[PDB]
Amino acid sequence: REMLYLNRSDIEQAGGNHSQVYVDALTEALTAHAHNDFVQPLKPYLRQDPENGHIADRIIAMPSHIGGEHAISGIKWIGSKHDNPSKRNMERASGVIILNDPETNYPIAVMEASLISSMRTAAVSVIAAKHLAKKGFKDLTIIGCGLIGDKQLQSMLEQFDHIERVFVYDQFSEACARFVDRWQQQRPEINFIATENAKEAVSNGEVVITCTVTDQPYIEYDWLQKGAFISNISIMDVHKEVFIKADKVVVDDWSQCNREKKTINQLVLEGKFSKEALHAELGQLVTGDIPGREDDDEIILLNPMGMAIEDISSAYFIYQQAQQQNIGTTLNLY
């Protein structure tokens, strides 16, 4: 019969623009993940030119199902072109999330994807930090000032009112300058420092969030203060030594991280890491199966690959809220 179409403005109007809906949504989805009440096939990458092509040039299909009270299925179909911002003044990433009624498997919603994606990704850092950051941490570091960085920063400030300073670095000086200028105005009672190198930024963060497009690590273990928590959202930034030297290593999904061509799998393929070495999956922290941070000296790394259930749960929550406020465009399927 019908589907609800929700563009980015619709998603914002329905609450998608505040970290809290994503935090609520992921707390629930990560709970279902610890209880194994979900299905989540490996996400395939479509690259139009698989080797002759930049690694941020792909479109990823991300299907998942989450069981429970209000069981939902769906897919995030999210594209990327590295030079969308530099060459076309367009956001790098774009896409759609489709939601499906598990009774019929019929599609019931078509939604813009990149706001939800950046926002659920920021919620991952928020929930991880609730468990893995020093309580009361004052100093946050953001590396990379694109859309992901922006949303990470927004959500952390919304969710942690004890943050006092924010150290920012970007490889592109100008990007950094505009970003801190923007944010110093958004939040005047917080001190934003544009740093001159990555080391200065990292060294000064109690929470360090990576939001770049690198494929060569630059973060060294010895940059990290005792008691640091690093949320390695952009994956490639952290040197291998950090996975080895960190007191605790958390992932979102071990199976999804032990992929052939992955840093963790490589350390495992050598004799430098195992599943036994892994401290926890994130959902296990949420449920209290495994403890989070245990002292203020531990250096803790989160390596989160990204999980379809995060997109699907978030979108479902926003879909319901939109329907509640009569937001969106009703489409006929037939």
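The first residue of the sequence shown is number 1, and the count goes up from there.
Coverage remark for residue 241: present in the model in all other entries compared whose chains are built on both sides, leaving no third without it. Per the records, residue 259 is among the residues left out by at least a third of the other compared entries, whereas the shown structure includes it. When the two stretches 43 to 51 and 286 to 294 are set side by side, the higher mean Cα temperature factor goes to 43 to 51.
Mean CA temperature factor is higher for 256 to 264 when stretches 233 to 241 and 256 to 264 are set side by side in the entry. Of the residues listed, 324, 314, 19, 9, the entry assigns the biggest Cα temperature factor to 324. Per the deposited coordinates, the residue with the largest Cα temperature factor out of 106, 192, 77, 160 is 192. Among the modelled residues of the chain, residue 84 sits in the middle third by CA temperature factor in this PDB entry. Split the chain's modelled residues into thirds by C-alpha temperature factor. Residue 94 is in the lowest one. Residue 188: CA B factor lies in the highest third for its chain, per the PDB record. When the modelled residues of the chain are ordered by their C-alpha B factor, residue 271 lands in the highest third. Per the deposited record, the Cα B-factor of residue 205 falls in the lowest third when ranked against the other modelled residues of its chain.
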